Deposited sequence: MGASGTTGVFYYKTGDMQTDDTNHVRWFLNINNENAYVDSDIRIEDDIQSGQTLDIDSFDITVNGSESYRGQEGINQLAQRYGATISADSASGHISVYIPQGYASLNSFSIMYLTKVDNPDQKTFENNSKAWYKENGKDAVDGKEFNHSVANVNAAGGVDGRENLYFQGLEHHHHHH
């Protein structure tokens, strides 16, 4: 389960946002297919479309809406987001997915400050070289609201 996962966190210095990370091809594997991630941000928070920050191979950073356009040019990797619905689609073509790790960070704005946890759900489609295809397996994550303690 290393190929793809999502995580997130809320920092004490920014309790009005949740930071989410879609971490794709984390072991820099060869891929036998395109990669598709379908992400649905759960209620109580709103995607900040300007907050996207994509790191490739832990070094190259692509920031904001222009960064998304540059990432599309360099890696054919498209990020489509709809703040209204909380839906994010990521597509990375096979040729650019291979050997490259992608960490897609975005922020959501907390809409319900008293809400106990913030959730982000995703599903992934990919085929790593020498491994069975993963066909829409779920990768979800919950972040505890640091405003609403010790867990």
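Note: segments 1 to 7, 156, 160 to 177 of the deposited sequence have no C-alpha coordinates in the structure.
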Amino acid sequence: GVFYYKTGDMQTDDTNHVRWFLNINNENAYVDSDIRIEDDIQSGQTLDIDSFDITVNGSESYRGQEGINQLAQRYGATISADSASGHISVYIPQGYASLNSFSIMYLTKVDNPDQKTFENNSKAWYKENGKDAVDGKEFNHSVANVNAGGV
From here on, numbers count along this sequence of modelled residues.
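Between 17 to 25 and 127 to 135, the higher mean Cα B-factor belongs to 127 to 135. Averaged over CA atoms, B-factors in the entry run higher in 108 to 116 than in the other of 108 to 116 and 93 to 101. Residue-level temperature factors show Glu60 in the highest third of its chain, judged at the C-alpha atom. When the modelled residues of the chain are ordered by their C-alpha B factor, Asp32 lands in the highest third. When the modelled residues of the chain are ordered by C-alpha B-factor, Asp53 sits in the middle third. Among the modelled residues of the chain, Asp82 sits in the middle third by CA temperature factor in this PDB entry.
In the PDB entry, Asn69 places in the highest third of its chain by CA B-factor.
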